[PDB]
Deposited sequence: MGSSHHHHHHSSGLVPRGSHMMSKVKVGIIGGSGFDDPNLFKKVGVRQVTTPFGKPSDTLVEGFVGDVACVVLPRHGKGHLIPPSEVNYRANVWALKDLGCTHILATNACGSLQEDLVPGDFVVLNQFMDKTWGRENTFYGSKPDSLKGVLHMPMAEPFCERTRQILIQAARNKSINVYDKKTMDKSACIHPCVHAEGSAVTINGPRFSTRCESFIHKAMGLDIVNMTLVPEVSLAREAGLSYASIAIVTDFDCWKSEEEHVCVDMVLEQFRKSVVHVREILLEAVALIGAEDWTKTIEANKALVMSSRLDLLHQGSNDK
């Protein structure tokens, strides 16, 4: 049986994706999650929603308790996490109103709790060195992309399509994010450096969320919402564009939950769990 957790970012502080059946006010061994967890169903598929920043968007990116959010969803029996992440574009073909189903990242965060494990008494016992070459659940990424196709949203894959298929607004079928600490936005100098490294978007919340999801044995995928060009490059139209983006992502998320529930995930879930065990350095040395 699957159960899909949803971590909603900017624009999803108070989602209302389904009829609320129950609420869970919980804590974890790592502290309090960002807010109450909301339980319900998309069709016959159990779903749990949590706003990354809390209902009033009072928690900044560096202070989000990523460990508690991921562990709370694990404790409720989630098998998957779908996340939204607002971002700035570093590249001309990613324009405000587009989305990116990320497959890669470069980490420039610091000072955040980014692992459940360690040698101190307040972390889980053991040492975990997780492979992160392709850090998302690929099967779940392809679900997000197919959900966009099913909801009549353009999909652009630069590996197989010419630039003529980059029709806006579109879901970019791959992409890399730099995660910065915030809360300040980047300088023009930083933006040009990240662009020169070949990164596609900049955001403040993907890491360590994606890392902790893999440590928890959960299938994780992010859909990033391009809200503007970062500073390497009217306001009423911007806010309206973001509103329309949120409507489209809500459509993608609900279709994605249905598509996840339509398939069997037994082997993928067992492989998620086995990857955690095989990454326990303290167990493999003995």
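Missing C-alpha coordinates mark the following deposited-sequence intervals, in order: 1-23, 257-262, 316-320.
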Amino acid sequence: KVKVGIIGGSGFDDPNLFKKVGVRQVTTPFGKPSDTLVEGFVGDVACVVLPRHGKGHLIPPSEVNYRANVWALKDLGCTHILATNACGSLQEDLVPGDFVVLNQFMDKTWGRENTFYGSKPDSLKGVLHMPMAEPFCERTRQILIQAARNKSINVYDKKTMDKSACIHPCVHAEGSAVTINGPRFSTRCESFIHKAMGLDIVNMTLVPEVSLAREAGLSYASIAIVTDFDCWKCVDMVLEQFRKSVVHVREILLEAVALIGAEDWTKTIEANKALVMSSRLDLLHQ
From here on, numbers count along this sequence of modelled residues.
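According to the PDB record, 254-262 carries the higher mean C-alpha B-factor of the two stretches 254-262 and 64-72. Of the two segments, 265-273 and 11-19, the one listed with the higher mean B-factor is 11-19 (C-alpha atoms only).
Ranking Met161, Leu94, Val210, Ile145 by Cα temperature factor from the entry places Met161 first. The top Cα temperature factor in the record, among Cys78, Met197, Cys87, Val101, falls on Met197. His168: CA B factor lies in the middle third for its chain, per the PDB record. Sorting the modelled residues of the chain by their CA temperature factor places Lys233 in the highest third. When all modelled residues of the chain are sorted by CA temperature factor, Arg188 is found within the middle third. In this PDB entry, the Cα temperature factor of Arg112 sits in the bottom third of its chain's modelled residues, the lowest group. In the deposited entry, the Cα temperature factor of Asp157 sits in the middle third of values across the chain's modelled residues.
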